[PDB]
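Here the structure is laid out as structure tokens; the discussion comes afterwards.
Neighbour counts run over all protein chains shown; Cβ positions are idealised from the backbone, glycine included. No lab work stands behind these numbers, since they all come straight from the coordinates.
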Protein chains: 2
Amino acid sequence: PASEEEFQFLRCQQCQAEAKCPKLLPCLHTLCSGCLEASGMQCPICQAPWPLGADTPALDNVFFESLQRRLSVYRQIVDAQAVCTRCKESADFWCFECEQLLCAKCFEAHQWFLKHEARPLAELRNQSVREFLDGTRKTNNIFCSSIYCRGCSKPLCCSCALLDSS
Amino acid sequence: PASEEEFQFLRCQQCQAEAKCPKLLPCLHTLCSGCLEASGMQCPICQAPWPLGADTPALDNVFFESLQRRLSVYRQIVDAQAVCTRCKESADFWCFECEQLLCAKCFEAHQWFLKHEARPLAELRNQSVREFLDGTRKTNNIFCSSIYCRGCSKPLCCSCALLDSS
């Protein structure tokens, strides 16, 4: 399994992320990428350590999709698509062209902001970089209501400067 | 000519750059990308408006290769390779794997800093994004003596914060 090694690089749990440690975050402190996953980013409930189940490997909660959006921010600035890593990731059935979201409402929000960051099927198959460059230059949009952040719920080029910690 | 349109996007003159205007620069003010090309970035000589010839379309001067390095910074953070745009760009004969430099000494410097940002032939042919992601995560190096800047002549993740204007 060639592309299977892409996540074995970190033994990721049904997710994909190239950076083992973000140099900055909207949360309190920079730590191992799994630290904010081991315990919810902003969830004060006893479910924050996901004793009942984690959302990123399988949809569990809307607030725990904050982790999904956190990973999706990095995948938006530069996309380490899990589909190329794992074409079986299409089991979600690809409701929309943007990755690292679920329940169709984060997708609908990316649409509301006309800020899809769509990874087309041609991009999912990893055969081109022209569309990648297009999406990259589009990372800085000129419309609103640059890339989404749930805390403020608005496009922000890098909410790391905000330190939202919603 | 499919890939020929990539530079016709801006009618570029024997060069490649996706951003028609950098949102920030090490120079004085943000302007059209051609403004700093019409007149040298830091050259006070009467040759700054390249009446004798421009360096970016064809090697003319070492100080005018500051433009080459400026474009190469953007192409390093995200690479709009002219080779995919124009496979004839290999006429340089590909002395080394990094693009947007000449005279082999900027290349030797990228090597000195163990900071090649090499675009392998597999990447030149535009068939993969895994090596791109590798080089991207390597954009932030852990060695020195992150990406080169001639003014200080040292790796800088974004010399825009420095406003070098050497």
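Brief remarks on what is shown
- Whole-number D in µm² s⁻¹ for the range B:47-133, Kirkwood Cα-pair radius fed into Stokes-Einstein, 10 °C, 1.306 mPa s: 116
- In this simple spin-label approximation, B:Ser166 and A:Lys88 carry label points 7 Å from Cα along the Cα→Cβ vector, and these lie 5.1 nm apart.
- Global form of the range B:1-53, assessed from the alpha-carbon gyration tensor, a/c cut-off 1.5: oblate
- Around B:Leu28: net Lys/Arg minus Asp/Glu count, Cβ-Cβ under 15 Å: 0
- Positive-end residue, the range B:5-161 charge dipole about Cα centroid, Cβ charges, pick of B:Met41, B:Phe143, B:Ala58: B:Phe143
- For the Cα trace of the protein assembly as shown, dividing Rg by the Kirkwood Rh returns an Rg/Rh value of 0.99.
- In sequence order, the range B:18-33 has phi-based couplings of 7, 8, 6, 7, x, 5, 6, 8, x, 7, 5, 9, 6, 9, 4, 3 Hz under the Karplus curve 6.51 cos²θ - 1.76 cosθ + 1.60, θ = phi - 60°, and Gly or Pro positions carry x.
- Inter-copy label distances at B:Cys95, shortest first and taken from points set 7 Å along Cα to Cβ: 5.5 nm.
- Copies compared at A:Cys158 - label distances in nm, ascending, label defined 7 Å from Cα in the Cβ direction: 0.4
- Note on A:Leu102, B:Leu36, B:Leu121: ascending count of other Cβ atoms within 10 Å places them as B:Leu121, A:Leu102, B:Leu36, the fewest first.
- Here the scattering of chain A is modelled by Debye summation over its C-alpha atoms, one equal scatterer each and no solvent; at q = 0.16 Å⁻¹ the log10 of I(q)/I(0) is -0.97.
- For B:151-164, mean number of other protein chain Cβ atoms within 10 Å: 0
- Sorted from shortest to longest, the distances between the A:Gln8 label points of this copy and the other copies are 4.6 nm, with each point 7 Å from Cα along the line through the beta carbon.
- By average C-beta atoms within 10 angstrom, highest first, the peptides A:60-66, B:106-112: A:60-66, B:106-112
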